[PDB]
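Just below is one structure, and these are the notes that go with it.
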Amino acid sequence: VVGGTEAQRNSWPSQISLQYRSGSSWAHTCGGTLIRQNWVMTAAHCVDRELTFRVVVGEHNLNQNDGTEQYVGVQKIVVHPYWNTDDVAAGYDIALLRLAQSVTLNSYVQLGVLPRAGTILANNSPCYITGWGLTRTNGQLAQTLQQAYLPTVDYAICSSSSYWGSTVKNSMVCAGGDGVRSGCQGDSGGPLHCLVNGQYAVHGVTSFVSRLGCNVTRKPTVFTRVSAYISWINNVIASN
Ligand SMILES: [Br-]
Ligand SMILES: [Br-]
Ligand SMILES: [Br-]
Ligand SMILES: [Br-]
Ligand SMILES: [Br-]
Ligand SMILES: [Br-]
Ligand SMILES: [Br-]
Ligand SMILES: [Br-]
Ligand code: NA
Ligand SMILES: [Xe]
């Protein structure tokens, strides 16, 4: 998250850190959203590689004991069957991870609430992106969970020529684009939390930014629109 501020440790308890094994250690690669005690919603591109993944729930500082973490292996990965890794602009950047164990809920570990199917936010709706991704373009990961205020940019504006043109699809949510604040690498798969009727819900799964860089004016961060995938998500959880 570029231009973010440090999240309070109990503000976004469905955020997870998706990590892969590297040697005798684990490296954060992506975010995700806990949506069931044994299911995480993340971006399909996050699990393109044939790695060993784990999820950490109740994580705040990647590199320090918080006293609240639960570490759990990924037992099954269900990528959207229409996903194509060399066409992120096609969409379908969404995947569900079944955990090897059901995690325990507490103030630090809670299910993310998802929007109702079909729901589209008004232009400039209030949202926060959260994650441990780079804090600058070609920078380094955040040690502590970051949040940045990233109002939505609706499909008409974001699919216009000045913005993303035909690269963005209506199955995506755009947010930000102010040149200062953005998602960045390592935020992929994590949530966009948008305030609706007084409740935050996860409307977006972070998918991509500009090849030019993370905080690029008129290149808002692009997210998979969760409310386009509610039936998919329910079908997968019900079948697995
Ligand atoms: Br949350
Ligand atoms: Br559950
Ligand atoms: Br699998
Ligand atoms: Br269990
Ligand atoms: Br909703
Ligand atoms: Br939307
Ligand atoms: Br829809
Ligand atoms: Br749906
Ligand atoms: Na930690
Ligand atoms: Xe990203």
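Every chain in the structure tokens takes a letter, A first, then B, and so on in the order presented; its residues are numbered from 1, and the ligands are numbered from 1 following the presented order.
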Practice task
Please check which protein, DNA or RNA residues sit within 9 Å of ligand 5, counting only C-alpha atoms and all ligand atoms, and write them as an NGL selection string.
Solution key: :A and (113-121 or 196-197 or 199 or 201 or 203 or 227)
Write the selection just made, keeping N, CA and C atoms, as a PDB file, in the first residue's frame?
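Output saved as out-v9.pdb:
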ATOM      1  N   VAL A 113     -17.205  -9.851   5.573  1.00  0.00           N
ATOM      2  CA  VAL A 113     -18.549  -9.833   4.999  1.00  0.00           C
ATOM      3  C   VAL A 113     -18.513  -9.412   3.532  1.00  0.00           C
ATOM      4  N   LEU A 114     -19.229 -10.126   2.689  1.00  0.00           N
ATOM      5  CA  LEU A 114     -19.188  -9.890   1.248  1.00  0.00           C
ATOM      6  C   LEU A 114     -20.456  -9.166   0.841  1.00  0.00           C
ATOM      7  N   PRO A 115     -20.420  -8.371  -0.214  1.00  0.00           N
ATOM      8  CA  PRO A 115     -21.580  -7.614  -0.640  1.00  0.00           C
ATOM      9  C   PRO A 115     -22.618  -8.560  -1.201  1.00  0.00           C
ATOM     10  N   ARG A 116     -23.824  -8.010  -1.328  1.00  0.00           N
ATOM     11  CA  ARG A 116     -24.845  -8.758  -2.033  1.00  0.00           C
ATOM     12  C   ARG A 116     -24.515  -8.847  -3.505  1.00  0.00           C
ATOM     13  N   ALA A 117     -24.868  -9.973  -4.119  1.00  0.00           N
ATOM     14  CA  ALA A 117     -24.632 -10.195  -5.525  1.00  0.00           C
ATOM     15  C   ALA A 117     -25.102  -9.057  -6.409  1.00  0.00           C
ATOM     16  N   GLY A 118     -24.284  -8.648  -7.379  1.00  0.00           N
ATOM     17  CA  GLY A 118     -24.674  -7.592  -8.289  1.00  0.00           C
ATOM     18  C   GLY A 118     -24.452  -6.181  -7.816  1.00  0.00           C
ATOM     19  N   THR A 119     -24.174  -5.987  -6.532  1.00  0.00           N
ATOM     20  CA  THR A 119     -24.049  -4.654  -5.971  1.00  0.00           C
ATOM     21  C   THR A 119     -22.923  -3.863  -6.634  1.00  0.00           C
ATOM     22  N   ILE A 120     -23.189  -2.638  -7.077  1.00  0.00           N
ATOM     23  CA  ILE A 120     -22.239  -1.741  -7.677  1.00  0.00           C
ATOM     24  C   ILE A 120     -22.199  -0.473  -6.846  1.00  0.00           C
ATOM     25  N   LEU A 121     -21.021  -0.036  -6.461  1.00  0.00           N
ATOM     26  CA  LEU A 121     -20.906   1.181  -5.690  1.00  0.00           C
ATOM     27  C   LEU A 121     -20.962   2.453  -6.521  1.00  0.00           C
ATOM     28  N   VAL A 196     -20.796   0.568   3.432  1.00  0.00           N
ATOM     29  CA  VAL A 196     -22.120   0.498   2.845  1.00  0.00           C
ATOM     30  C   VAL A 196     -23.194   0.311   3.924  1.00  0.00           C
ATOM     31  N   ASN A 197     -24.163   1.231   3.986  1.00  0.00           N
ATOM     32  CA  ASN A 197     -25.200   1.187   5.029  1.00  0.00           C
ATOM     33  C   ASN A 197     -24.604   0.959   6.416  1.00  0.00           C
ATOM     34  N   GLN A 199     -21.817  -0.494   7.351  1.00  0.00           N
ATOM     35  CA  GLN A 199     -21.008  -1.686   7.565  1.00  0.00           C
ATOM     36  C   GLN A 199     -19.927  -1.780   6.483  1.00  0.00           C
ATOM     37  N   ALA A 201     -17.838  -3.917   3.978  1.00  0.00           N
ATOM     38  CA  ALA A 201     -17.859  -5.189   3.317  1.00  0.00           C
ATOM     39  C   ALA A 201     -16.687  -5.265   2.337  1.00  0.00           C
ATOM     40  N   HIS A 203     -15.623  -5.470  -1.013  1.00  0.00           N
ATOM     41  CA  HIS A 203     -16.122  -5.366  -2.377  1.00  0.00           C
ATOM     42  C   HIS A 203     -15.102  -5.718  -3.448  1.00  0.00           C
ATOM     43  N   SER A 227     -18.799  -8.731  -5.806  1.00  0.00           N
ATOM     44  CA  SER A 227     -20.232  -8.995  -5.956  1.00  0.00           C
ATOM     45  C   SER A 227     -20.540  -9.606  -7.301  1.00  0.00           C
TER      46      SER A 227
END
Handout entry: Those of region 32-196 of chain A in DSSP alpha helix (DSSP H), formatted as a list in words
Key = residues 155, 156, 157 and 158 of chain A
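Using only C-alpha atoms for every distance, the candidate list A:96, A:60, A:208, A:220 yields A:96 as the residue closest to residue 235 (chain A).
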Exercise for the section: Please identify all polymer residues within 10 Å of residue 107 (chain A), counting only C-alpha atoms, omitting same-chain residues fewer than 6 positions from it, and present them as a PyMOL selection string. Expected result: chain A and resi 9-14+58+68
Write out as a Markdown table the residues of chain A that have any atom within 12 Å of an atom of ligand 6, one row each with the nearest atom pair and its distance in Å to one decimal, counting only C-alpha atoms and all ligand atoms, sorted by chain and then rising number.
| residue | atom | partner | partner_atom_place_in_ligand_line | distance |
| --- | --- | --- | --- | --- |
| A:115 | CA | ligand 6 | 1 (Br) | 9.8 |
| A:116 | CA | ligand 6 | 1 (Br) | 11.2 |
| A:117 | CA | ligand 6 | 1 (Br) | 10.9 |
| A:118 | CA | ligand 6 | 1 (Br) | 8.8 |
| A:119 | CA | ligand 6 | 1 (Br) | 6.7 |
| A:120 | CA | ligand 6 | 1 (Br) | 3.9 |
| A:121 | CA | ligand 6 | 1 (Br) | 4.2 |
| A:122 | CA | ligand 6 | 1 (Br) | 7.2 |
| A:123 | CA | ligand 6 | 1 (Br) | 8.3 |
| A:124 | CA | ligand 6 | 1 (Br) | 10.0 |
| A:125 | CA | ligand 6 | 1 (Br) | 8.7 |
| A:126 | CA | ligand 6 | 1 (Br) | 11.1 |
| A:127 | CA | ligand 6 | 1 (Br) | 10.6 |
| A:151 | CA | ligand 6 | 1 (Br) | 10.6 |
| A:152 | CA | ligand 6 | 1 (Br) | 7.3 |
| A:153 | CA | ligand 6 | 1 (Br) | 8.4 |
| A:154 | CA | ligand 6 | 1 (Br) | 6.8 |
| A:155 | CA | ligand 6 | 1 (Br) | 7.8 |
| A:156 | CA | ligand 6 | 1 (Br) | 11.2 |
| A:158 | CA | ligand 6 | 1 (Br) | 11.2 |
| A:169 | CA | ligand 6 | 1 (Br) | 11.0 |
| A:170 | CA | ligand 6 | 1 (Br) | 8.3 |
| A:171 | CA | ligand 6 | 1 (Br) | 8.4 |
| A:172 | CA | ligand 6 | 1 (Br) | 7.1 |
| A:173 | CA | ligand 6 | 1 (Br) | 4.9 |
| A:174 | CA | ligand 6 | 1 (Br) | 7.6 |
| A:175 | CA | ligand 6 | 1 (Br) | 9.1 |
| A:192 | CA | ligand 6 | 1 (Br) | 10.3 |
| A:193 | CA | ligand 6 | 1 (Br) | 11.2 |
| A:194 | CA | ligand 6 | 1 (Br) | 9.3 |
| A:195 | CA | ligand 6 | 1 (Br) | 11.7 |
| A:196 | CA | ligand 6 | 1 (Br) | 11.3 |
| A:201 | CA | ligand 6 | 1 (Br) | 11.5 |
| A:202 | CA | ligand 6 | 1 (Br) | 10.5 |
| A:203 | CA | ligand 6 | 1 (Br) | 6.8 |
| A:204 | CA | ligand 6 | 1 (Br) | 7.9 |
| A:205 | CA | ligand 6 | 1 (Br) | 11.3 |
| A:222 | CA | ligand 6 | 1 (Br) | 10.7 |
| A:223 | CA | ligand 6 | 1 (Br) | 9.3 |
| A:224 | CA | ligand 6 | 1 (Br) | 9.3 |
| A:225 | CA | ligand 6 | 1 (Br) | 6.3 |
| A:226 | CA | ligand 6 | 1 (Br) | 8.5 |
| A:227 | CA | ligand 6 | 1 (Br) | 7.8 |
| A:228 | CA | ligand 6 | 1 (Br) | 9.2 |
Exercise for the section: Pick out the residues sitting within 10 Å of residue 139 (chain A), and hand them over as a PyMOL selection string; count only C-alpha atoms, and ignore anything fewer than 3 positions along from it in its own chain. Expected result: chain A and resi 2+133-136+142+184-185
Problem - For residue 48 (chain A), the nearest of the candidates A:72, A:32, A:94, A:66, counting only C-alpha atoms - result: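 Residue with the minimum atom-to-atom distance to residue 48 (chain A): A:94.
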All residues 8 Å or closer to residue 218 (chain A), only C-alpha atoms, same chain fewer than 4 positions away omitted, as a PDB file with N, CA and C atoms, in the first residue's frame:
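around_7.pdb, freshly written:
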ATOM      1  N   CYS A 158     -13.548   4.821 -15.062  1.00  0.00           N
ATOM      2  CA  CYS A 158     -12.299   4.045 -15.097  1.00  0.00           C
ATOM      3  C   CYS A 158     -12.082   3.330 -16.409  1.00  0.00           C
ATOM      4  N   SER A 162      -8.641   8.062 -20.702  1.00  0.00           N
ATOM      5  CA  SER A 162      -7.732   8.706 -19.776  1.00  0.00           C
ATOM      6  C   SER A 162      -7.301   7.780 -18.636  1.00  0.00           C
ATOM      7  N   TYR A 163      -8.255   6.893 -18.341  1.00  0.00           N
ATOM      8  CA  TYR A 163      -7.957   5.953 -17.243  1.00  0.00           C
ATOM      9  C   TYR A 163      -7.440   4.641 -17.785  1.00  0.00           C
ATOM     10  N   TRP A 164      -8.200   3.567 -17.593  1.00  0.00           N
ATOM     11  CA  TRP A 164      -7.710   2.267 -18.041  1.00  0.00           C
ATOM     12  C   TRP A 164      -8.194   1.794 -19.394  1.00  0.00           C
ATOM     13  N   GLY A 177      -6.439   6.201  -7.796  1.00  0.00           N
ATOM     14  CA  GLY A 177      -6.019   6.929  -8.978  1.00  0.00           C
ATOM     15  C   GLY A 177      -5.535   8.341  -8.706  1.00  0.00           C
ATOM     16  N   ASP A 178      -5.287   8.720  -7.446  1.00  0.00           N
ATOM     17  CA  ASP A 178      -4.933  10.122  -7.187  1.00  0.00           C
ATOM     18  C   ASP A 178      -3.443  10.380  -7.343  1.00  0.00           C
ATOM     19  N   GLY A 179      -2.620   9.376  -7.622  1.00  0.00           N
ATOM     20  CA  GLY A 179      -1.195   9.573  -7.803  1.00  0.00           C
ATOM     21  C   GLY A 179      -0.423   9.439  -6.507  1.00  0.00           C
TER      22      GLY A 179
END
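Nearest residue to residue 233 (chain A) among A:3, A:81, A:31, A:190 is A:81, counting only C-alpha atoms.
In this model, the gap between CA of residue 73 (chain A) and CA of residue 101 (chain A) comes to 7.4 Å.
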Exercise for the section: Dump the neighbourhood of ligand 2 as a list in words: all residues within 8 Å, distances computed on only C-alpha atoms and all ligand atoms. Expected result: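 Here is the list of contacting residues: residues 35, 36, 37, 38, 39 and 111 of chain A.
The space between CA of residue 41 (chain A) and CA of residue 181 (chain A) spans 23.5 Å.
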Handout entry: Contacts of residue 65 (chain A) within 12 Å, only C-alpha atoms, excl. fewer than 6 positions in-chain, as a PyMOL selection string
Key = chain A and resi 58-59+143-144
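Restricting the calculation to only C-alpha atoms and all ligand atoms, the smallest distance between ligand 1 and any of A:62, A:27, A:109, A:1 is found for A:109.
In this structure, CA of residue 4 (chain A) sits 20.3 Å away from CA of residue 108 (chain A).
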Problem - Nearest to residue 5 (chain A), chosen from A:240, A:161, A:207, A:146, with only C-alpha atoms counted in the distances - result: A:146
Practice task
Name all residues at most 8 Å from residue 93 (chain A) (count only C-alpha atoms; drop same-chain ones fewer than 3 positions away) and give them as a PyMOL selection string.
Solution key: chain A and resi 43-45+80+83+88+207+224
